[PDB]
Undergrad: 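Structure incoming, see below.
Each residue takes its place number in the sequence, starting with 1.
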Amino acid sequence: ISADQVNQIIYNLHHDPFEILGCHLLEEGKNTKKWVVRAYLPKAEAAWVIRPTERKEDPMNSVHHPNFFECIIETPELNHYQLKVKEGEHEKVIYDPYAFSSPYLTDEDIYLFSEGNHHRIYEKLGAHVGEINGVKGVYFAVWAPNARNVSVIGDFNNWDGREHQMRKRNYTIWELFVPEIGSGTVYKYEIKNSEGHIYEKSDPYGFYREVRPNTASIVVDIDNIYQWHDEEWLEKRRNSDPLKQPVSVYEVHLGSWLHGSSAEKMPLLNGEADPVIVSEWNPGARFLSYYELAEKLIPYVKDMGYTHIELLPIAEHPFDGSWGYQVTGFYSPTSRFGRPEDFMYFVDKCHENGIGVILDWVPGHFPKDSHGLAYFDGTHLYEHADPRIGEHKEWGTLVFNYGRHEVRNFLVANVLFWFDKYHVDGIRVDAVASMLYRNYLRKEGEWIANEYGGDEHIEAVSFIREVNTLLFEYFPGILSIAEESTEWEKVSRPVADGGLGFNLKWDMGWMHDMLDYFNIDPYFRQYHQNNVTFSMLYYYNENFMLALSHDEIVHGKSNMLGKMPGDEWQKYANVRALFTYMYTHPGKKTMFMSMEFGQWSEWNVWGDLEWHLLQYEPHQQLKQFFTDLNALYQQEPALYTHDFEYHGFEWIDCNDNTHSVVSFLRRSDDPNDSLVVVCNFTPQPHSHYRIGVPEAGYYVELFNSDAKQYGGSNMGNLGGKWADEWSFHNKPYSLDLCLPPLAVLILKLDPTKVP
Ligand SMILES: [Mg+2]
Ligand SMILES: [Mg+2]
Ligand SMILES: [Mg+2]
Ligand SMILES: [Mg+2]
């Protein structure tokens with residue numbers, strides 16, 4: 001580029017910066033092409049072009065001005081890239097602001113979507129504010145290749161589409177530009193199918209939607225509604241390995257954590273809306289907005305000390321009672337809680353408070369509701385036509401055709417969308433087995449094998465691997481979490497190693513072992529010591545997340561206290577011993593709302609949590625217990641640096657079944673950070689109980705779940721214990737401990753104590 005052209009850009013004299021900024025083809029070779037990417041990045045000292053899908057990164061050079069950058073790259077196609085921009089000591093990674101010069105679908109857009117590889121398809125499908133022929137308006141576009149006709153109906157035309165009939169391009173996608181309408185426009189698509197039947201559909205790629213049970217889509221100027229402040233969070237994320245950090249997740253269903261009064265408006269970020277009543281049977285109650293949740297949930301979580309909030313599915317869904325797991329509006333956060341910019345604010349405020357956001361994401365199926373994806377264009381478009389692979393009959397839902405390019409594209413681009421537009425830090429997928437198996441919940445003779453005679457759903461495995469490959473290339477540093485309940489191998493291993501590419505898997509066998517164990521009267525736990533220890537046998541085959549989820553405190557399973565045997569004191573004590581054990585056992589941590597304060601009743605998705613319980617001491621003490629346990633977890637490296645390495649854990653003794661005692665070490669990089677953990681899973685106290693330790697010195701009683709401030713009896717070692725030179729459990733030194741009833745101790749060597 002010339003200095004004249006550079007200065008035109010710098011001084012805002014250029015007639016159209018898209019002529020020179022962005023990606024431009026320079027020349028075509030035999031087997032490749034030469035491209036330049038240009039950027040004007042005021043205040044940046046350095047930049048790079050990342051091609052994350054090729055695992056390449058190229059520096060940009062300043063050309064004529066220190067803040068004008070060019071990068072020449074040779075490659076056959078340059079469809080997928082990011083700019084890394086350094087401004088002083090800080091780096092950000094963004095999409096190129098000059099990537100798309102028009103709002104309409106190009107030929108290239110259509111080709112990439114036809115192949116399934118358009119990672120930013122949602123910039124062109126759906127509804128977008130833009131300019132065509134010199135006039136501002138909205139561009140609509142929708143994939144409906146077998147439709148006979150499609151029209152845009154909406155507020156702007158009184159729901160009559162005759163003068164807003166769309167144009168079909170390339171026998172596949174319908175489009176329309178509508179001048180002078182903008183964000184807030186309410187619309188649907190009116191489709192006629194090959195039989196001549198006329199019906200109405202929400203926008204598959206819609207960004208916002210009326211409040212259930214109304215289904216119209218709503219136009220959102222998604223890049224001009226919210227100003228983020230989370231660059232430093234995002235930078236630290238990208239540059240960090242979350243597997244080596246503390247990850248303590250507070251699992252939340254947004255609709256049932258806390259309700260407000262329906263006698264007042266729902267406040268929004270600078271605005272308000274009418275209240276959303278929770279149900280016709282509880283009409284005095286309304287949902288809190290994303291804005292109110294940012295003001296209330298976030299400081300709650302921060303004070304409790306969790307590192308992450310995991311949300312049950314927030315994608316648009318028509319029925320409260322599905323919990324979010326039957327989604328019909330994949331590209332929009334539910335309007336129960338307000339607007340897209342209110343959820344953006346929630347995520348930005350989490351990041352400001354150093355809390356990450358993990359979304360449950362639901363790619364496995366979709367319900368049959370007529371407004372949604374089903375039989376979309378008058379054929380089986382999103383779902384597979386064969387019900388043996390296309391329907392989950394026991395659930396009444398439909399299964400995406402994962403092998404179909406444009407369907408795979410809808411879902412792969414949708415995962416990316418949430419990280420792009422909403423800055424989230426991770427996803428979790430429930431019931432991954434529902435995708436992986438062609439015989440899932442199907443009787444003999446009602447499914448068919450794959451092309452090699454097996455039960456593996458090949459197309460779904462390929463889709464899952466593609467999602468995880470892409471997500472980690474575009475957004476290193478995220479969490480991708482699976483629940484898979486059939487012992488499918490290598491769930492949380494890289495794709496290149498034959499994995500599914502997740503980085504964490506819920507340890508469902510651990511959850512079953514623990515909750516079954518603690519439900520046993522303590523005298524009988526001696527017959528089930530194996531429940532305590534078994535999950536370490538297979539532990540190193542995956543990277544495990546220890547999750548006690550919403551699914552475990554519904555349907556007659558009781559909340560945590562109600563699972564435990566004994567009198568009220570003992571029920572509490574069992575809860576503290578389980579969770580102390582959970583937080584010291586190798587693996588990351590997840591627990592669900594209400595567990596932290598000892599709610600007695602099961603989770604009820606139709607009301608809010610029983611917050612009045614926190615007026616009472618035993619609930620306050622249990623909440624303090626979790627506040628202190630989360631603090632300890634973040635403070636002690638040996639509870640999180642080596643979760644997934646043999647070094648991080650070793651049993652000391654786990655043979656004393658008769659007294660349901662077990663003990664173990666956790667380690668980190670510094671040997672002085674090693675912790676001794678001792679568990680007593682009966683109410684029998686022990687005045688003298690010997691445990692082997694690896695070094696001489698004073699072992700501070702760093703944590704004791706029987707402390708009085710947690711509701712315990714206050715038994716323990718009065719600060720700590722000097723080790724004896726008395727060999728025990730195959731170690732040279734040993735502690736003669738007092739073991740409190742139904743309690744866990746954590747001890748730590750203080751190599752500076754005065755003898
Ligand atoms: Mg009509
Ligand atoms: Mg399940
Ligand atoms: Mg058993
Ligand atoms: Mg209530």
Undergrad: Only counting residues at least two apart or in another chain, list the ones meeting side chain to side chain donor-acceptor pair (under 3.5 Å) with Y98.
TA: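 If we apply the side chain to side chain donor-acceptor pair (under 3.5 Å) test to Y98, skipping adjacent residues, there are no hits.
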Undergrad: Between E596 and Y250, does any side-chain donor sit less than 3.5 Å from a side-chain acceptor?
TA: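 Checked: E596/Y250 side chains pair up, N/O donor to acceptor below 3.5 Å.
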Undergrad: Is it true that atom CD of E115 has more than 12 heavy atoms of other residues, nucleotides or ligands lying nearer than 6.0 Å?
TA: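 Yes, CD of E115 has more than 12 neighbouring heavy atoms, counting only those of other groups under 6.0 Å.
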Undergrad: Can you measure from CE (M591) to CG (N630) and round to the nearest 0.5 angstrom?
TA: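 Answer rounded to 0.5 Å: 8.0 Å.
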Undergrad: How about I314 and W418: do any of their side-chain heavy atoms sit closer than 4.5 Å?
TA: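 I314 vs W418: side chains touch.
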Undergrad: State whether the side chain of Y633 and the backbone N or O of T584 hold a donor-acceptor pair below 3.5 Å, judged by distance alone.
TA: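 Judged by distance alone, no pair lies under 3.5 Å.
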Undergrad: Using a 3.5 Å cut-off and no angle test, enumerate the donor-acceptor pairs between side-chain atoms of residues 5-12 and protein atoms at least two apart in sequence or in another chain.
TA:
from, atom 1, to, atom 2, distance (Å)
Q5, NE2, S2, OG, 3.0
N7, ND2, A3, O, 3.2
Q8, NE2, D4, OD1, 3.4

Undergrad: Hey, are the side chains of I132 and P103 touching, using non-hydrogen atoms and a 4.5 Å cut-off?
TA: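 Of all side-chain heavy-atom pairs linking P103 with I132, at least one is under 4.5 Å.
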Undergrad: Consider only side-chain N and O atoms of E54 and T75, and report whether a donor and an acceptor are under 3.5 Å apart.
TA: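 Result is yes, a qualifying pair exists.
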Undergrad: Can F417 and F207 be said to form a ring-ring contact (aromatic ring centres under 6.0 Å, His included), step by step?
TA: CA-CA 11 Å; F417 177 80; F207 296 161; 5.4 Å; yes
Undergrad: Examine distances only and state if a side-chain atom of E310 and a backbone atom of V252 form a donor-acceptor pair shorter than 3.5 Å.
TA: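 Such a contact is absent between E310 side chain and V252 backbone.
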Undergrad: Answer yes or no: is there an ion pair linking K623 with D303, defined by an N-O contact shorter than 4.0 Å?
TA: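 Counted as a salt bridge, because a side-chain N and a carboxylate O are separated by less than 4.0 Å.
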Undergrad: To the nearest 0.5 Å, tell me how far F502 CZ sits from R493 CZ.
TA: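 Nearest 0.5 Å value for the CZ-CZ distance: 14.0 Å.
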Undergrad: Look at the rings of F337 and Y290 and say which category their plane angle falls in: under 30° parallel, 30 to 60° tilted, over 60° perpendicular.
TA: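 It falls in the perpendicular class, over 60°.
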Undergrad: Might you confirm whether atom CD of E645 has over 12 heavy atoms from other residues, nucleotides or ligands at distances under 6.0 Å?
TA: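 12 or below, so no.
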Undergrad: Looking at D107, I'd like to know if its CG atom is crowded, meaning that more than 12 non-hydrogen atoms belonging to other residues, nucleotides or ligands lie closer than 6.0 Å.
TA: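 Counting neighbours around CG of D107, 12 or fewer heavy atoms of other residues, nucleotides or ligands fall under 6.0 Å, so no.
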Undergrad: Do any N or O atoms from the side chain of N67 and from the backbone of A44 form a donor-acceptor pair under 3.5 angstrom?
TA: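 Side chain of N67 to backbone of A44, a donor-acceptor pair under 3.5 Å: yes, one is there.
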Undergrad: Test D507 against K588 for salt bridge (charged side-chain N to carboxylate O under 4.0 Å, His left out), laying out the working first.
TA: CA-CA 10 Å; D507 195 341; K588 301 314 181 188; over 6 Å; no
Undergrad: Spell out, as yes or no, whether a donor-acceptor pair under 3.5 Å connects the side chain of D670 to the backbone of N672.
TA: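 Yes; at least one donor-acceptor contact below 3.5 Å.
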Undergrad: Checking side-chain polar atoms at under 3.5 Å, does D628 have a donor or acceptor matched by the opposite partner on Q624?
TA: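 Yes.
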Undergrad: Is the side chain of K505 donor-acceptor paired with the backbone N or O of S492 at a distance under 3.5 Å, no angle test?
TA: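 Not a single qualifying donor-acceptor pair exists.
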Undergrad: Can you find a heavy atom in the side chain of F69 that is under 4.5 Å from one in the side chain of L83?
TA: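 Answer no - side chains too far apart.
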Undergrad: Step by step, work out the side chain to side chain contact (heavy atoms under 4.5 Å, CB included) result for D223 and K421.
TA: CA-CA 8 Å; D223 294 336; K421 299 302 181 189; 2.8 Å; yes
Undergrad: Might you work through the side-chain hydrogen bond (donor to acceptor under 3.5 Å, both in side chains) test for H308 and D425, ending with a clear yes or no?
TA: CA-CA 9 Å; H308 290 73; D425 306 291; 5.9 Å; no
Undergrad: Has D16 got a side-chain atom pairing as donor or acceptor with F18's backbone, closer than 3.5 angstrom?
TA: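 Here the side-chain-to-backbone pair exists.
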Undergrad: Is there a donor in the side chain of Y95 and an acceptor in the side chain of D420, or the other way round, less than 3.5 Å apart?
TA: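 No donor-acceptor contact under 3.5 Å links the two side chains.
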Undergrad: Can you find a pair of side-chain heavy atoms, one from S102 and one from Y139, that are under 4.5 Å apart?
TA: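 The answer is no; the side chains never approach within 4.5 Å.
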Undergrad: Decide side chain to side chain contact (heavy atoms under 4.5 Å, CB included) for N133 and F177; before the verdict, give the C-alpha distance in whole Å, the side-chain angles of both, and the deciding distance to 0.1 Å.
TA: CA-CA 10 Å; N133 278 307; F177 187 75; over 6 Å; no
Undergrad: Return the OG to CG distance between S248 and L546, rounded to the nearest 0.5 Å.
TA: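 Reported to 0.5 Å precision, the distance equals 12.0 Å.
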Undergrad: Would you say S289 and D342 are linked by a side-chain donor-acceptor pair, where the criterion is simply a distance under 3.5 Å?
TA: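 Judged by distance alone, the side chains do not pair up.
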Undergrad: Hey, would you say the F410 and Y331 ring centroids sit under 6.0 Å apart?
TA: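 Between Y331 and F410, which both carry aromatic rings, the centre distance is below 6.0 Å.
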Undergrad: Distance-only, no hydrogens or angles: does the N409 side chain make a donor-acceptor pair with backbone N or O of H118 under 3.5 Å?
TA: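 Yes: the side chain of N409 pairs with the backbone of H118.
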Undergrad: Would you call the rings of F463 and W361 parallel, tilted or perpendicular if under 30° counts as parallel and over 60° as perpendicular?
TA: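 Ring orientation of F463 relative to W361: tilted.
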Undergrad: Crowded around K244 NZ? As in, over 12 foreign heavy atoms under 6.0 Å?
TA: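 Enclosed.
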Undergrad: Using modelled atom types and a 3.5 Å cut-off, is there a donor and acceptor pairing between side-chain atoms of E473 and backbone atoms of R55?
TA: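 Judged by distance alone, no pair lies under 3.5 Å.
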Undergrad: Is any NZ, NE, NH1 or NH2 atom of the basic residue among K349 and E352 found under 4.0 Å from an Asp or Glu carboxylate oxygen of the other?
TA: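 Salt bridge: yes.
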Undergrad: Give the intermediate values and the outcome of side chain to side chain contact (heavy atoms under 4.5 Å, CB included) for residues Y474 and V93.
TA: CA-CA 9 Å; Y474 284 106; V93 171; over 6 Å; no
Undergrad: Test side chain to side chain contact (heavy atoms under 4.5 Å, CB included) on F644 and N503 and set out the steps.
TA: CA-CA 11 Å; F644 307 121; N503 64 350; over 6 Å; no
Undergrad: Do NZ/NE/NH1/NH2 and the carboxylate oxygens of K92 and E235 come within less than 4.0 Å?
TA: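 No, this pair does not count.
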Undergrad: With a 4.5 Å limit on heavy-atom distance, are the side chains of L78 and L25 in contact?
TA: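 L78 does not reach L25 side chain to side chain.
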Undergrad: Verify whether the ring centers belonging to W257 and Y300 lie closer than 6.0 Å.
TA: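 Centroid distance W257-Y300: below 6.0 Å, so yes.
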Undergrad: So how far is it from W228 CH2 to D348 CG, rounded to the nearest 0.5 Å?
TA: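 Answer for the CH2-CG pair, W228 versus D348, is 5.5 Å.
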Undergrad: Looking at side-chain heavy atoms only, is the closest gap between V219 and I181 below 4.5 Å?
TA: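 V219 vs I181: side chains apart.
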Undergrad: So with a 6.0 Å cut-off around OH of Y540, is the heavy-atom count from everything else above 12?
TA: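 Yes.
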Undergrad: Rounded to the nearest 0.5 Å, how far apart are CG of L21 and CG of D96?
TA: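 With rounding to 0.5 Å, CG (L21) is 8.0 Å from CG (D96).
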Undergrad: Could you tell me whether a side-chain N or O of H128 sits under 3.5 Å from a main-chain N or O of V138, the two making a donor and an acceptor?
TA: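 Here the side-chain-to-backbone pair does not exist.
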Undergrad: Quick check, are the ring centers of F649 and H642 under 6.0 angstrom apart?
TA: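 Ring centres of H642 and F649 not closer than 6.0 Å.
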Undergrad: Within a strict 4.5 Å, meaning less than it, do heavy atoms of the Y422 and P340 side chains meet?
TA: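 They are in side-chain contact.
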Undergrad: Any donor-acceptor pair under 3.5 Å linking the side-chain atoms of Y345 with those of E295?
TA: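 There is such a pair between these side chains.
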Undergrad: Can we call the ring centroids of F343 and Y208 under 6.0 Å apart?
TA: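 No - the distance between ring centres of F343 and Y208 does not fall below the 6.0 Å cut-off.
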Undergrad: So that I can tick it off, tell me whether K748 and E636 are bridged by a salt bridge, with the cut-off set at under 4.0 angstrom between side-chain N and carboxylate O.
TA: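 Looking at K748 together with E636, the answer is yes, because their closest N to O distance falls below 4.0 Å.
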Undergrad: Give a yes or no on this: more than 12 heavy atoms of other residues, nucleotides or ligands lie within 6.0 Å of atom CG of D497.
TA: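 It does: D497 CG has more than 12 such atoms within range.
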Undergrad: Inspect the contact between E91 and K86 and indicate whether a charged nitrogen and a carboxylate oxygen are less than 4.0 angstrom apart.
TA: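 Between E91 and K86 there is no salt bridge, as every charged N stays at least 4.0 Å from the carboxylate O atoms.
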Undergrad: Does the side chain of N79 pick up a donor-acceptor pair with the side chain of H119 at under 3.5 Å?
TA: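 No, no side-chain donor-acceptor contact under 3.5 Å.
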Undergrad: Look up atom CG in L112 and atom OG1 in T106, then write down how far apart they are to the nearest 0.5 Å.
TA: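 Going from the CG atom of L112 to the OG1 atom of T106 covers 8.0 Å.
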Undergrad: Quick one: does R120's side chain get under 4.5 Å of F100's, heavy atoms only?
TA: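 With C-beta onward as the side chain, the pair touches.
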Undergrad: Using modelled atom types only, decide if a donor and an acceptor are shared between the side chain of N468 and the backbone of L500 within a distance under 3.5 Å.
TA: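 Yes; judged by distance alone, with no hydrogens or angles, the pair exists.
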